[PDB]
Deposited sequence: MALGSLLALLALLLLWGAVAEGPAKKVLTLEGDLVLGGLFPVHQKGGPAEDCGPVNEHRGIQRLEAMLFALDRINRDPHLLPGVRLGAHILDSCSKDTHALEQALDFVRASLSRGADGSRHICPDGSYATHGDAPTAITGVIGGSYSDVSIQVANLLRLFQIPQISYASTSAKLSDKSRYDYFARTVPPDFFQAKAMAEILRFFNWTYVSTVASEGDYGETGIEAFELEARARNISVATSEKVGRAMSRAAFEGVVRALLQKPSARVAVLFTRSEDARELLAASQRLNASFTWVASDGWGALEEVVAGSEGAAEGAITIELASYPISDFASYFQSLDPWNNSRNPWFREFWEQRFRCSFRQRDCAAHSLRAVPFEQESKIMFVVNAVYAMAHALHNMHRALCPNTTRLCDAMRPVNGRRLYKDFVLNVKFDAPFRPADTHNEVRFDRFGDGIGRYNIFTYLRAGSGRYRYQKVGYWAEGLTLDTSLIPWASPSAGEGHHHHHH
């Protein structure tokens, strides 16, 4: 498989779902544009800015070794061998992965070589356990909080009889387990609990929907699903003409790919995303990307062909521009940039203590000690989030986690007939909803 490599004095590993999961034979399927390509390019954008920052590692260039997880933990683990083979390349730290199952599988390999790891999207509560994930940190909070936010949405609307659907794996199952605990504490009962396996068919999704219809009093379906599972569930529901009030986690969030083609089935859905903002300079950087000037990204030409349904062989790709089309910044881009900066700040603070007389890598950091870097620097960073709007701070808590803050969205059909996500609320140690923005709310 191909790899993205950038030269530096210290090299940061990267892990992203550049491609979707493949079919029954192949590990890798189509290019994953939003949570794959954009997130990868956000890490490249962050590295470029750090490398030109006079106040952050002025004498230490940050390189990269970025791998594709193909949205599959076993494939991510096979790729993750490149990070450790230079110990039986030299990787100082790893940024990634996205999926909780990928981050857990990778963390269990990285800790064996004391490589620090910072995830920008893995929300599984299991990852908060430092006796098991002692080299793991994340810029995102655990789903202990997300599950409360979802139980409280149901409690506010008095939805006391609901069904649940969880993605098989750490994320979905432990997320739904936390949701169900939090719902029972607020006297919300569960009609049925469905599961979506890691290799389900389109007909098997229709089975899930039929199973949810077997309890007609439960109109509210609570999802702790991966985007693809939310997408297929919704497509199955459109096909069987089933109507549900969806309440879904960040896996769905405010992704257009989830609802595209099943807008009618999704209408009225309440979704959650981790509280974030779009990073302004990232948008001009991404929209400038060009298949002729972006050779450092080995998956960019395959992304271009898919996005613009063109062929470089057929010479019909140049007519397209990311400048000439609309740009929707993926919700967790801020978390990617914060993870790269958190690692850069940690190495900078380590450099200040270990190399006081030079801006260059002194012998004390040849090589970088993984234990010290994680325990005494990564966990202790505290800085103002870069490219933030006119206020956020990057830091890790005692479990190496981010802050439990969430945005609440609703999926609606506007007066024009066009569909959109609309921010209707917020959760941060308590629920705040603006019912005037929810079309079906009284």
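Residues of the deposited sequence lacking C-alpha coordinates fall in the stretches 1 to 24, 113 to 135, 438 to 439, 492 to 503, numbered from 1.
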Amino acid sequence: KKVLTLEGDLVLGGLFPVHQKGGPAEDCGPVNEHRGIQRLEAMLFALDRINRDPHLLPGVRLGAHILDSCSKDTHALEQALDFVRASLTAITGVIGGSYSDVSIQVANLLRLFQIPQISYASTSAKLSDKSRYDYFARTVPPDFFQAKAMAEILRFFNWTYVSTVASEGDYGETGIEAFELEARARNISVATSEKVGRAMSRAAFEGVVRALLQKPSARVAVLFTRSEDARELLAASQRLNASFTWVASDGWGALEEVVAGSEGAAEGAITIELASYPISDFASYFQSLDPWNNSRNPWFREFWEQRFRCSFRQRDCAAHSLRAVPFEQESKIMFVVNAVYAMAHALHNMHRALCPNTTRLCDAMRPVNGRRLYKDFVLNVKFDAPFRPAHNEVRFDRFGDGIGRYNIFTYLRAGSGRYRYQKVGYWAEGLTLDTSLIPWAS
From here on, numbers count along this sequence of modelled residues.
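Once the C-alpha B-factors are averaged per stretch, 424 to 432 and 8 to 16 rank with 424 to 432 first.
Mean C-alpha B-factor is higher over 125 to 133 than over the other stretch, the pair under comparison being 96 to 104 and 125 to 133. By the numbers in the PDB entry, the CA B factor is greatest at 240 among 150, 340, 240, 255. In this entry, the residue among 351, 72, 301, 313 with the greatest C-alpha B factor is 313.
Sort the modelled residues of the chain by CA B factor and residue 44 lands in the lowest third. Ranked against the other modelled residues of its chain, the C-alpha B-factor of residue 379 as given in the entry falls in the middle third.
Split the chain's modelled residues into thirds by C-alpha temperature factor. Residue 388 is in the highest one. Residue 210: CA B factor in the highest third of modelled residues in this chain (values from the PDB entry). Residue 154: CA B factor lies in the highest third for its chain, per the PDB record.
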